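File shown: data29.cif. Contents: mmCIF, C-alpha atoms and all ligand atoms.
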data_model
loop_
_atom_site.label_atom_id
_atom_site.label_comp_id
_atom_site.auth_asym_id
_atom_site.auth_seq_id
_atom_site.Cartn_x
_atom_site.Cartn_y
_atom_site.Cartn_z
CA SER A 60 137.42 121.42 126.76
CA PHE A 61 139.30 118.34 127.91
CA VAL A 62 136.30 117.07 129.89
CA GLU A 63 134.60 116.16 126.60
CA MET A 64 137.69 114.14 125.70
CA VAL A 65 137.77 112.03 128.88
CA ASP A 66 137.02 108.32 128.31
CA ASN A 67 137.08 108.69 124.51
CA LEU A 68 139.02 105.44 124.05
CA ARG A 69 137.79 101.85 124.17
CA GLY A 70 139.16 98.44 123.27
CA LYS A 71 139.44 94.75 124.02
CA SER A 72 142.35 93.43 126.09
CA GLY A 73 145.33 92.74 123.84
CA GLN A 74 143.59 94.15 120.76
CA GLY A 75 144.46 97.85 120.98
CA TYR A 76 142.75 101.06 122.04
CA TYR A 77 140.55 102.87 119.53
CA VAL A 78 138.87 106.26 119.25
CA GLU A 79 135.76 107.14 117.25
CA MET A 80 136.35 109.22 114.12
CA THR A 81 134.36 110.30 111.10
CA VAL A 82 135.65 110.49 107.56
CA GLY A 83 134.12 112.15 104.50
CA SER A 84 130.86 113.99 103.80
CA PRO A 85 128.36 113.03 105.04
CA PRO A 86 130.41 111.81 108.03
CA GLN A 87 131.21 108.08 108.00
CA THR A 88 131.67 106.72 111.54
CA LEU A 89 134.64 104.41 112.15
CA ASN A 90 136.59 103.14 115.16
CA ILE A 91 140.32 103.79 114.71
CA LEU A 92 143.32 102.30 116.57
CA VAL A 93 145.44 104.92 118.35
CA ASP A 94 148.97 103.97 117.27
CA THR A 95 152.08 105.90 118.40
CA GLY A 96 154.13 103.23 116.63
CA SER A 97 153.35 104.16 113.02
CA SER A 98 152.63 107.18 110.87
CA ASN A 99 149.82 106.46 108.36
CA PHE A 100 146.09 107.12 108.69
CA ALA A 101 145.05 103.83 107.12
CA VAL A 102 141.46 102.65 107.02
CA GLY A 103 139.64 99.59 105.72
CA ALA A 104 138.02 100.66 102.44
CA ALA A 105 136.80 97.35 101.03
CA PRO A 106 134.96 94.26 102.31
CA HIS A 107 136.94 92.02 104.67
CA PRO A 108 135.75 89.08 106.80
CA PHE A 109 136.78 90.87 110.03
CA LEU A 110 135.28 94.21 108.94
CA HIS A 111 131.62 94.94 109.64
CA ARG A 112 131.92 98.44 108.20
CA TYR A 113 134.44 100.34 106.08
CA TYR A 114 135.29 103.64 104.37
CA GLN A 115 133.33 104.16 101.16
CA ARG A 116 135.03 106.85 99.09
CA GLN A 117 132.21 106.95 96.53
CA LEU A 118 129.77 108.01 99.25
CA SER A 119 131.97 111.02 100.09
CA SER A 120 131.35 114.32 98.31
CA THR A 121 134.63 115.67 99.70
CA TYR A 122 136.93 112.77 98.76
CA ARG A 123 139.92 113.58 96.52
CA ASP A 124 142.01 110.96 94.73
CA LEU A 125 145.82 111.28 94.83
CA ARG A 126 146.16 108.69 92.05
CA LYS A 127 148.88 106.84 93.93
CA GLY A 128 149.17 103.39 95.46
CA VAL A 129 150.81 102.24 98.67
CA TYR A 130 152.10 98.81 99.62
CA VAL A 131 153.20 98.02 103.16
CA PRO A 132 154.55 94.52 103.81
CA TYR A 133 155.71 94.05 107.40
CA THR A 134 156.86 91.32 109.78
CA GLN A 135 153.48 90.09 111.02
CA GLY A 136 151.61 90.64 107.73
CA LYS A 137 150.84 93.37 105.21
CA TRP A 138 148.45 96.03 104.03
CA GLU A 139 147.86 97.56 100.63
CA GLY A 140 145.82 100.56 99.50
CA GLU A 141 145.07 103.73 97.55
CA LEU A 142 146.00 107.27 98.57
CA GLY A 143 143.59 110.19 98.81
CA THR A 144 142.43 112.98 101.09
CA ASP A 145 139.14 113.73 102.82
CA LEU A 146 137.64 115.66 105.73
CA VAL A 147 138.21 114.04 109.11
CA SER A 148 136.83 114.72 112.61
CA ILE A 149 137.09 113.21 116.08
CA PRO A 150 133.66 113.57 117.73
CA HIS A 151 135.04 113.28 121.26
CA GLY A 152 138.26 115.11 120.44
CA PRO A 153 139.00 118.72 119.51
CA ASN A 154 136.05 120.47 117.85
CA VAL A 155 137.66 120.78 114.42
CA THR A 156 137.65 119.20 110.98
CA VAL A 157 140.85 118.60 109.03
CA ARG A 158 141.73 117.60 105.50
CA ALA A 159 144.09 114.66 105.91
CA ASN A 160 145.77 111.97 103.86
CA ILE A 161 143.97 108.63 103.99
CA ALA A 162 145.29 105.29 102.85
CA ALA A 163 142.21 103.36 101.73
CA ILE A 164 143.06 99.72 102.42
CA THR A 165 141.84 97.47 99.60
CA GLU A 166 143.72 94.26 100.47
CA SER A 167 145.49 92.96 103.57
CA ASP A 168 146.78 89.90 105.40
CA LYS A 169 146.76 89.42 109.19
CA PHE A 170 146.19 93.17 109.57
CA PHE A 171 142.65 93.40 110.93
CA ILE A 172 141.71 91.46 114.07
CA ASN A 173 138.57 89.36 114.48
CA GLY A 174 136.18 91.05 116.90
CA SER A 175 138.51 93.93 117.86
CA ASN A 176 135.85 96.50 116.90
CA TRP A 177 138.17 98.82 114.98
CA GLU A 178 138.32 99.44 111.24
CA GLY A 179 141.51 101.46 110.73
CA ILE A 180 144.68 102.85 112.30
CA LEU A 181 145.71 106.37 113.28
CA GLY A 182 149.48 106.58 113.05
CA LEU A 183 150.58 109.34 115.43
CA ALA A 184 154.34 109.00 114.87
CA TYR A 185 156.44 111.13 112.49
CA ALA A 186 156.68 111.47 108.70
CA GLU A 187 160.14 109.90 108.55
CA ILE A 188 158.46 106.51 108.80
CA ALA A 189 155.31 107.21 106.77
CA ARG A 190 154.52 104.98 103.80
CA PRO A 191 155.30 105.09 101.01
CA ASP A 192 157.65 107.91 102.09
CA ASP A 193 158.04 111.01 104.28
CA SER A 194 156.29 113.34 101.82
CA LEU A 195 152.94 111.92 102.95
CA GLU A 196 152.04 114.26 105.81
CA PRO A 197 150.78 112.32 108.87
CA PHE A 198 147.41 113.15 110.43
CA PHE A 199 148.66 114.99 113.51
CA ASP A 200 150.90 117.26 111.42
CA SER A 201 147.92 118.20 109.21
CA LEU A 202 145.80 118.82 112.32
CA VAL A 203 148.37 121.17 113.89
CA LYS A 204 149.08 122.99 110.60
CA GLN A 205 145.40 123.47 109.72
CA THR A 206 144.05 124.31 113.16
CA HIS A 207 145.34 126.20 116.19
CA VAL A 208 145.62 122.98 118.22
CA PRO A 209 148.85 122.91 120.30
CA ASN A 210 151.48 120.44 119.06
CA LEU A 211 150.98 117.88 121.84
CA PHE A 212 148.76 114.96 122.81
CA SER A 213 148.51 112.70 125.86
CA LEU A 214 147.31 109.17 126.51
CA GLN A 215 145.79 107.64 129.63
CA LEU A 216 145.35 103.95 128.94
CA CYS A 217 143.56 102.22 131.80
CA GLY A 218 143.18 98.59 130.85
CA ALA A 219 140.52 96.39 132.44
CA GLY A 220 140.72 96.45 136.24
CA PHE A 221 138.65 94.50 138.76
CA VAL A 228 134.93 87.34 126.30
CA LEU A 229 138.11 89.44 126.34
CA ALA A 230 137.98 92.15 129.01
CA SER A 231 136.98 95.55 127.66
CA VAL A 232 139.39 98.41 128.36
CA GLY A 233 138.98 102.18 128.48
CA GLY A 234 141.12 105.30 128.41
CA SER A 235 141.53 108.90 127.26
CA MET A 236 143.32 110.64 124.43
CA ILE A 237 143.67 114.34 125.17
CA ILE A 238 144.63 116.30 122.08
CA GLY A 239 146.29 119.69 122.40
CA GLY A 240 146.99 119.68 126.12
CA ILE A 241 147.41 118.12 129.54
CA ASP A 242 144.43 117.28 131.77
CA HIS A 243 145.59 117.52 135.38
CA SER A 244 142.71 115.37 136.66
CA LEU A 245 144.17 112.36 134.82
CA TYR A 246 147.30 112.10 137.00
CA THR A 247 148.81 112.58 140.46
CA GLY A 248 152.24 113.77 141.57
CA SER A 249 154.99 114.97 139.25
CA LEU A 250 155.27 114.73 135.49
CA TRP A 251 158.79 113.59 134.56
CA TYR A 252 160.15 114.12 131.04
CA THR A 253 162.50 112.04 128.89
CA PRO A 254 163.84 113.43 125.59
CA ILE A 255 162.61 112.27 122.21
CA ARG A 256 165.96 111.15 120.80
CA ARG A 257 164.82 111.39 117.18
CA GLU A 258 161.59 112.28 115.38
CA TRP A 259 160.59 109.09 113.57
CA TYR A 260 159.24 106.62 116.07
CA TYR A 261 158.81 108.11 119.52
CA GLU A 262 162.38 107.07 120.37
CA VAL A 263 163.67 107.27 123.94
CA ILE A 264 166.65 106.06 125.99
CA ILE A 265 166.56 103.66 128.96
CA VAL A 266 169.60 103.95 131.22
CA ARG A 267 168.96 101.00 133.51
CA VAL A 268 166.45 98.44 134.69
CA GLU A 269 165.73 96.74 138.01
CA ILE A 270 163.61 93.76 139.00
CA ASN A 271 162.51 94.06 142.63
CA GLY A 272 165.14 96.72 143.28
CA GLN A 273 167.87 94.52 141.77
CA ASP A 274 169.95 96.05 138.95
CA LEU A 275 170.26 93.86 135.84
CA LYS A 276 173.76 95.37 135.61
CA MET A 277 174.04 95.62 131.83
CA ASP A 278 175.89 98.08 129.64
CA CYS A 279 173.06 100.53 128.98
CA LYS A 280 173.55 100.24 125.21
CA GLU A 281 171.89 96.80 125.55
CA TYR A 282 168.61 98.34 126.77
CA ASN A 283 168.39 100.41 123.56
CA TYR A 284 169.68 97.89 121.05
CA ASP A 285 168.91 98.89 118.46
CA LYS A 286 166.39 101.45 119.71
CA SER A 287 163.75 102.01 122.36
CA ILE A 288 160.29 103.33 121.52
CA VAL A 289 156.96 104.18 123.14
CA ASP A 290 154.24 102.34 121.21
CA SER A 291 150.55 102.29 122.07
CA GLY A 292 150.20 99.93 119.08
CA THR A 293 152.11 97.12 120.80
CA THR A 294 150.47 95.18 123.62
CA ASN A 295 153.54 93.87 125.46
CA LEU A 296 156.69 95.26 126.95
CA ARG A 297 159.13 93.91 124.37
CA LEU A 298 162.82 93.56 125.26
CA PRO A 299 166.03 92.83 123.34
CA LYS A 300 167.09 89.16 123.58
CA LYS A 301 169.91 89.63 126.12
CA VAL A 302 167.72 91.83 128.32
CA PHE A 303 164.64 89.61 127.98
CA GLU A 304 166.51 86.52 129.17
CA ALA A 305 168.00 88.35 132.15
CA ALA A 306 164.61 89.81 133.06
CA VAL A 307 162.80 86.46 132.99
CA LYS A 308 165.53 84.72 135.01
CA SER A 309 165.09 87.36 137.70
CA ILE A 310 161.29 87.27 137.60
CA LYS A 311 161.40 83.45 137.77
CA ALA A 312 163.60 83.56 140.87
CA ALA A 313 161.42 86.19 142.56
CA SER A 314 158.36 83.99 142.12
CA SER A 315 160.18 80.71 142.75
CA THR A 316 157.60 79.64 145.32
CA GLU A 317 155.09 78.21 142.86
CA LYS A 318 156.22 77.03 139.41
CA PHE A 319 154.87 77.75 135.92
CA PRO A 320 155.47 76.09 132.51
CA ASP A 321 157.87 77.97 130.23
CA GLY A 322 155.06 78.16 127.70
CA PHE A 323 153.84 80.82 130.11
CA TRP A 324 157.20 82.60 130.26
CA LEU A 325 157.22 82.44 126.47
CA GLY A 326 153.99 84.45 126.35
CA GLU A 327 151.76 81.91 124.59
CA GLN A 328 150.37 79.91 127.51
CA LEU A 329 147.93 81.22 130.11
CA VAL A 330 147.92 80.43 133.82
CA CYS A 331 144.86 80.51 136.06
CA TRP A 332 143.88 80.99 139.67
CA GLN A 333 140.25 81.39 140.71
CA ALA A 334 138.48 84.57 141.76
CA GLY A 335 140.70 86.83 143.84
CA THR A 336 143.31 84.24 144.78
CA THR A 337 145.93 85.57 142.34
CA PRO A 338 149.18 85.85 144.36
CA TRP A 339 150.38 89.23 143.08
CA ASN A 340 152.77 89.55 146.02
CA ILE A 341 154.82 86.68 144.58
CA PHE A 342 155.76 88.59 141.42
CA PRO A 343 158.31 91.45 141.58
CA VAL A 344 157.97 95.07 140.43
CA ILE A 345 159.90 96.23 137.37
CA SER A 346 161.58 99.64 137.16
CA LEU A 347 162.70 101.23 133.90
CA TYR A 348 164.96 104.28 134.32
CA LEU A 349 164.57 106.77 131.45
CA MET A 350 167.10 109.48 130.58
CA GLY A 351 166.21 112.85 132.05
CA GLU A 352 166.25 116.21 130.29
CA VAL A 353 169.47 116.78 132.25
CA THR A 354 172.26 114.60 130.86
CA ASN A 355 173.41 112.79 134.01
CA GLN A 356 169.89 112.43 135.39
CA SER A 357 167.22 109.79 135.06
CA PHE A 358 163.83 108.97 136.54
CA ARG A 359 162.17 105.59 137.03
CA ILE A 360 158.75 104.31 136.13
CA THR A 361 157.83 101.31 138.25
CA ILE A 362 155.27 98.79 137.05
CA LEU A 363 153.41 96.05 138.93
CA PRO A 364 152.43 92.46 138.07
CA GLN A 365 148.90 93.83 137.59
CA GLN A 366 150.27 95.45 134.44
CA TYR A 367 152.59 92.76 133.09
CA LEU A 368 150.18 89.86 133.66
CA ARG A 369 147.42 90.51 131.12
CA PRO A 370 143.93 89.09 131.93
CA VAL A 371 142.58 86.47 129.53
CA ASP A 380 141.10 84.44 136.67
CA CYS A 381 143.50 83.68 133.81
CA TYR A 382 146.55 85.70 132.71
CA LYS A 383 149.26 85.72 130.05
CA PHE A 384 152.84 86.90 130.61
CA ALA A 385 152.91 90.22 128.72
CA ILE A 386 156.69 90.61 128.47
CA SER A 387 158.30 89.15 125.37
CA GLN A 388 161.44 89.08 123.25
CA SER A 389 162.25 91.57 120.50
CA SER A 390 164.75 91.61 117.63
CA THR A 391 164.06 95.28 116.85
CA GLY A 392 164.84 96.97 120.18
CA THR A 393 162.81 97.76 123.30
CA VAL A 394 159.10 98.45 122.81
CA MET A 395 157.27 100.10 125.70
CA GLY A 396 153.77 98.98 124.76
CA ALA A 397 150.29 99.22 126.25
CA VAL A 398 151.05 97.23 129.41
CA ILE A 399 153.81 99.69 130.32
CA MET A 400 151.71 102.74 129.41
CA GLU A 401 148.72 101.47 131.43
CA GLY A 402 150.41 102.41 134.70
CA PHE A 403 150.77 106.02 133.61
CA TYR A 404 149.67 109.29 132.06
CA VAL A 405 151.88 109.72 129.01
CA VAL A 406 152.42 113.16 127.48
CA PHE A 407 153.63 113.24 123.89
CA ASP A 408 155.06 116.77 123.94
CA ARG A 409 156.04 117.07 120.27
CA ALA A 410 156.50 120.82 120.64
CA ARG A 411 159.35 120.37 123.12
CA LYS A 412 160.60 117.02 121.78
CA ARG A 413 159.96 115.11 125.00
CA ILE A 414 157.69 112.51 126.60
CA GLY A 415 156.28 112.90 130.10
CA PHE A 416 155.21 110.21 132.55
CA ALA A 417 153.10 110.65 135.72
CA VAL A 418 151.21 108.15 137.85
CA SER A 419 147.81 107.62 136.23
CA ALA A 420 144.58 108.38 138.06
CA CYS A 421 143.27 105.02 136.78
CA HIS A 422 146.12 102.49 137.12
CA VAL A 423 145.40 99.06 138.70
CA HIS A 424 147.10 98.17 141.99
CA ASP A 425 146.66 96.58 145.43
CA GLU A 426 147.06 97.76 149.04
CA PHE A 427 150.78 97.03 149.37
CA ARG A 428 152.11 98.35 146.07
CA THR A 429 151.45 101.01 143.48
CA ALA A 430 152.87 102.06 140.13
CA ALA A 431 155.20 105.01 140.55
CA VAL A 432 157.16 107.74 138.76
CA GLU A 433 160.16 108.91 140.76
CA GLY A 434 163.24 111.06 140.21
CA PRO A 435 165.80 112.24 139.85
CA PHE A 436 168.44 109.53 140.04
CA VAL A 437 171.91 110.67 139.09
CA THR A 438 173.72 108.37 136.72
CA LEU A 439 177.06 110.09 137.18
CA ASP A 443 176.44 106.81 125.43
CA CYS A 444 173.35 104.66 126.04
CA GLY A 445 171.99 105.21 122.54
CA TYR A 446 172.63 103.23 119.36
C1 LIG B 501 153.85 97.30 116.06
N1 LIG B 501 152.74 97.82 115.29
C2 LIG B 501 152.17 97.14 114.26
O1 LIG B 501 152.51 96.03 113.88
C3 LIG B 501 151.02 98.03 113.72
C4 LIG B 501 151.19 98.49 112.26
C5 LIG B 501 150.65 99.72 111.86
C6 LIG B 501 150.81 100.14 110.55
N2 LIG B 501 151.46 99.41 109.61
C7 LIG B 501 151.97 98.23 110.00
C8 LIG B 501 151.86 97.73 111.30
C9 LIG B 501 149.70 97.25 113.94
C10 LIG B 501 148.86 96.86 112.88
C11 LIG B 501 147.68 96.16 113.13
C12 LIG B 501 147.31 95.83 114.44
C13 LIG B 501 148.12 96.20 115.52
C14 LIG B 501 147.78 95.86 116.91
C15 LIG B 501 147.44 94.55 117.28
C16 LIG B 501 147.12 94.25 118.61
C17 LIG B 501 147.15 95.28 119.54
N3 LIG B 501 147.46 96.56 119.22
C18 LIG B 501 147.77 96.81 117.92
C19 LIG B 501 149.30 96.90 115.24
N4 LIG B 501 151.14 99.24 114.61
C20 LIG B 501 152.11 99.00 115.44
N5 LIG B 501 152.55 99.95 116.29
#
What's the structure tokens form of this structure?
Ligand SMILES: CN1C(=O)[C@@](c2ccncc2)(c2cccc(-c3cccnc3)c2)N=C1N
Amino acid sequence: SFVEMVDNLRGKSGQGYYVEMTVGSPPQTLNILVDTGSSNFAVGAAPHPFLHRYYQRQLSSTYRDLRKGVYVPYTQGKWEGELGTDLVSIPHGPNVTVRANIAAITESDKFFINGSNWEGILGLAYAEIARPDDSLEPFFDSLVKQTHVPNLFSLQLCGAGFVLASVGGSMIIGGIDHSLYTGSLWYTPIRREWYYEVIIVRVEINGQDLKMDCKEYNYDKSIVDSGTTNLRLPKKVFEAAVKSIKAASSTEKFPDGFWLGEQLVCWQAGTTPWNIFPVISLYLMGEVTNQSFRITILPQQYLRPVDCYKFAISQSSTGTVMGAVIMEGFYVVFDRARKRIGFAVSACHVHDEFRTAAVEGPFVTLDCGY
């Protein structure tokens, strides 16, 4: 029953959303980051200064060694571990237990976050991008193959809403909970099964078209990633977006350290002038070729609380990333079975009495992909 699954996520602002899981026998309780942007189930399995608990394979009667190592260097840092399998459950998820691959992390750099309260990562994306290669079946694939759970999951990330702010949300596995959203669910195709890749066909700031060749919005790809905090945009698009946002909020000036996403700005208790910042609309490709639908986000989503805030839109060199701050406005359905992603206005999204996040379509757009 989906009711048991409601509010099963927690986190700290800017530090990811995590769900409680158990690994091994007897069950070892760990908090695990819900990450649609990667494809390994990777868990701290050795002492680390930021870890207050970790996976102890020797304490597990059901652990099985794969006798194989894994090394994952990446932009921000790296992680390194040992492959095996064990029994895994999600206490506030489906009532099943699965045998899944587990990368036991033995060494890492800049991977874990101080005080985040999670000890591992659940990569929900596809095998194509699994480390060390695509033969290592990802968790969700094992779950679907081993149980009768429908090949779909959905995420309602709620954020903080009014010490880093604590956030909450829901991960519904195997279905769609109609109490978590209002209005219509609109679907955009999954272009390819590796990341959750999608196509953006245009973007507006306060109703004003950025007027770019749509290839620019997806250069070199566009993905939906619960494991990225910000909305990240390709250089050309980022610059155009900030120019427009700057002009919209011209009354009142901020330092470009703020626009560069590393400097906070503060008002005091309920004085924040939301009405000065514009809304942002991303139009996603519809299931029908010449159609699209728009998701519209507010400043309440793209100014992340830290009353202090940081600009949560930043530049990318690896394509558009629709991260947590974009997802927070919405109920997002990862319909793997039908190769599509749905968006509907979330029952929990933060907004004032003049504006609201929105999902609206269709818009007919009469080649946007990389
Ligand atoms: C972008 N991204 C990463 O860098 C990370 C990753 C996962 C697996 N191997 C390499 C990188 C990742 C790793 C650690 C922490 C985060 C993170 C940090 C802050 C907020 N929320 C997620 C993300 N997962 C995503 N999606």
Environment of ligand LIG 501 (chain B) within 6 Å, counting only C-alpha atoms and all ligand atoms, reported as a list in words: residues 73, 74, 75, 94, 96, 97, 170, 290, 292, 293 and 294 of chain A
Nearest candidate to residue 310 (chain A) (options A:330, A:363, A:288, A:64; using all atoms listed in the file):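 Under the stated criterion, the closest residue is A:363.
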Box in all listed atoms of region 159-171 of chain A, axis-aligned, with 8 Å more on each side; write out centre and edge lengths in Å to one decimal as JSON.
{"center_x": 144.3, "center_y": 102.0, "center_z": 105.3, "size_x": 20.9, "size_y": 41.2, "size_z": 27.3}
Counting all atoms listed in the file, the option among A:91, A:430, A:418, A:444 closest to residue 278 (chain A):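 Closest to residue 278 (chain A) of all the choices is A:444.
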Two-atom distance - CA of residue 159 (chain A), CA of residue 173 (chain A) (Å): 27.3 Å
All residues 7 Å or closer to residue 348 (chain A), all atoms listed in the file, same chain fewer than 2 positions away omitted, as an mmCIF file with C-alpha atoms, keeping the file's coordinate frame:
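Final file, out-v2.cif:
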data_model
loop_
_atom_site.group_PDB
_atom_site.id
_atom_site.type_symbol
_atom_site.label_atom_id
_atom_site.label_comp_id
_atom_site.auth_asym_id
_atom_site.auth_seq_id
_atom_site.Cartn_x
_atom_site.Cartn_y
_atom_site.Cartn_z
ATOM 1 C CA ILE A 265 166.560 103.660 128.960
ATOM 2 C CA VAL A 266 169.600 103.950 131.220
ATOM 3 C CA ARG A 267 168.960 101.000 133.510
ATOM 4 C CA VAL A 268 166.450 98.440 134.690
ATOM 5 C CA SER A 346 161.580 99.640 137.160
ATOM 6 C CA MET A 350 167.100 109.480 130.580
ATOM 7 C CA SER A 357 167.220 109.790 135.060
ATOM 8 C CA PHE A 358 163.830 108.970 136.540
ATOM 9 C CA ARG A 359 162.170 105.590 137.030
ATOM 10 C CA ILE A 360 158.750 104.310 136.130
#
Give me the residues of region 90-190 of chain A that have any atom at most 10 Å from an atom of region 229-250 of chain A; for each, the nearest atom pair and the distance in Å, rounded to one decimal. Use all atoms listed in the file, sort by chain and number, and format it as a tab-separated table.
residue	atom	partner	partner_atom	distance
A:93	CA	A:236	CA	8.6
A:151	CA	A:236	CA	9.3
A:152	CA	A:238	CA	6.7
A:153	CA	A:238	CA	6.6
A:174	CA	A:229	CA	9.8
A:175	CA	A:229	CA	9.6
Non-local contacts of residue 201 (chain A) (10 Å; all atoms listed in the file; under 6 positions in same chain excluded) as a ChimeraX atom specification: /A:157-160
Shell of 7 Å around region 370-381 of chain A, all atoms listed in the file, local chain residues under 2 positions omitted, as a list in words: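 Contacts, with the query itself left out: residues 229, 329, 330, 331, 332, 333, 334, 368 and 383 of chain A.
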Separation of CA of residue 139 (chain A) from CA of residue 106 (chain A), in Å and rounded to one decimal: 13.4 Å
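Coordinates place CA of residue 104 (chain A) at a distance of 15.8 Å from CA of residue 120 (chain A).
The list of residues with at least one atom within 8 Å of residue 146 (chain A), based on only C-alpha atoms and without residues fewer than 2 positions apart in the same chain, reads residues 82, 83, 84, 121, 122, 144, 148, 156, 157, 158 and 159 of chain A.
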Spatial neighbours of residue 341 (chain A), 12 Å, all atoms listed in the file, chain gap at least 5 places, as a list in words: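 With the cut-off at 12 Å, the set is residues 271, 310, 311, 312, 313, 314, 315, 316, 317, 318, 336, 363, 364 and 365 of chain A.
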Nearest to residue 210 (chain A), chosen from A:407, A:367, A:198, A:109, with all atoms listed in the file counted in the distances: A:407
Counting all atoms listed in the file, the residue of A:289, A:167, A:282, A:99 that sits nearest residue 303 (chain A): A:282
Proximity to residue 302 (chain A) - best of A:101, A:270, A:149, A:263, all atoms listed in the file: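 Nearest candidate to residue 302 (chain A) out of A:101, A:270, A:149, A:263: A:270.
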Selected residue of minimal separation from residue 419 (chain A) among A:147, A:216, A:162, A:437, counting all atoms listed in the file: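 Checking each of A:147, A:216, A:162, A:437 against residue 419 (chain A), counting all atoms listed in the file, the winner is A:216.
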